[PDB]
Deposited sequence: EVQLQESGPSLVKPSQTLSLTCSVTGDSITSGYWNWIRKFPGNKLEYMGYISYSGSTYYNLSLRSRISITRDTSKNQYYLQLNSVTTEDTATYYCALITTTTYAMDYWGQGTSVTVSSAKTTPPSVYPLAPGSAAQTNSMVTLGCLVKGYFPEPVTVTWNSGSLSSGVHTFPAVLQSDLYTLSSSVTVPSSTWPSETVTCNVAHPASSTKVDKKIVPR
């Protein structure tokens, strides 16, 4: 149970340096990697820094890339210069051990958008309406991706559909549905939560009838 976790800004401007960090918890042993997934889903291998300080970079990036570590903050770092829009992706850190010679353990990944538009927090709207009642939250007008949607701060998790977002007007909208017992709503309250990392904004909206 080594755990890895990426952090860094989720928005970068064209021609600047994107910097990301991967914190490792649960253990100079192996190969520490960066990988990304493009918005159209293809994965590309970025590079490592081994236990020895040695690096290996994909030659398609070798001119703009730098991976370093600080073995006493238990952290390692990606730096990618002169970014364009083609550098938009979810970034992952993952480890390779000689037990498997494979990318064994992976971070949750973090989303980075190269773009010159401004960070826009979202507007969140209640979607008020049998044996089952379906409610909703519309999340309109934010940039960049991502948004995370939960219900009753996580506690209510089944019967949820959170829809892939969509871009119009230079801005994203996404909806989310939840289906509960007819009998205990509106009797027992339902609240969508909405976190927008890039503006660092959390909205809980109550769904009143």
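Peer 1: What are the unmodelled segments when the structure is compared with the full deposited sequence, in sequence order?
Peer 2: In the chain as deposited, 28-29, 132-137, 218 carry no coordinates.
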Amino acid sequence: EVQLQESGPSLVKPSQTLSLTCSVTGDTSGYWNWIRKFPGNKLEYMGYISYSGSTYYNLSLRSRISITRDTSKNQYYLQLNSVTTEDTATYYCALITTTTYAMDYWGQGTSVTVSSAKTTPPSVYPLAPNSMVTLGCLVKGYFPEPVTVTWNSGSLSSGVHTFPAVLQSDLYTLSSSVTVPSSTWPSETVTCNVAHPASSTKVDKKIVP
From here on, numbers count along this sequence of modelled residues.
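Peer 1: Highest mean C-alpha temperature factor of the two stretches 54-62 and 157-165, which is it?
Peer 2: Taking the mean C-alpha B-factor of 157-165 and of 54-62, the larger value falls to 157-165.
Peer 1: Look up the CA B-factors in the entry and say which stretch, 146-154 or 38-46, has the higher mean.
Peer 2: Higher mean C-alpha B-factor: 146-154.
Peer 1: Tell me which of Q79, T84, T90, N130 tops the list for C-alpha B factor in the record.
Peer 2: So the option with the highest C-alpha B-factor is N130.
Peer 1: Just grab whichever of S199, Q16, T189, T21 has the top CA B-factor as deposited.
Peer 2: In this record, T189 carries the highest C-alpha B-factor of the candidates.
Peer 1: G136's Cα B-factor: lowest, middle or highest third of the chain?
Peer 2: For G136, the deposited C-alpha B-factor lands in the highest third.
Peer 1: Ordered by C-alpha B-factor within the chain, which third holds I67? Give me lowest, middle or highest, please.
Peer 2: Within its chain, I67 is a lowest-third residue by C-alpha B-factor, going by the deposited values.
Peer 1: Can you tell me which third, lowest, middle or highest, the CA B-factor of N33 falls into for its chain?
Peer 2: For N33, whose C-alpha B-factor we compare with every modelled residue in the chain, the answer is the lowest third.
Peer 1: Check where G109 lands among this chain's C-alpha B-factors and tell me if it's the lowest, middle or highest third.
Peer 2: CA B-factor rank for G109: lowest third.
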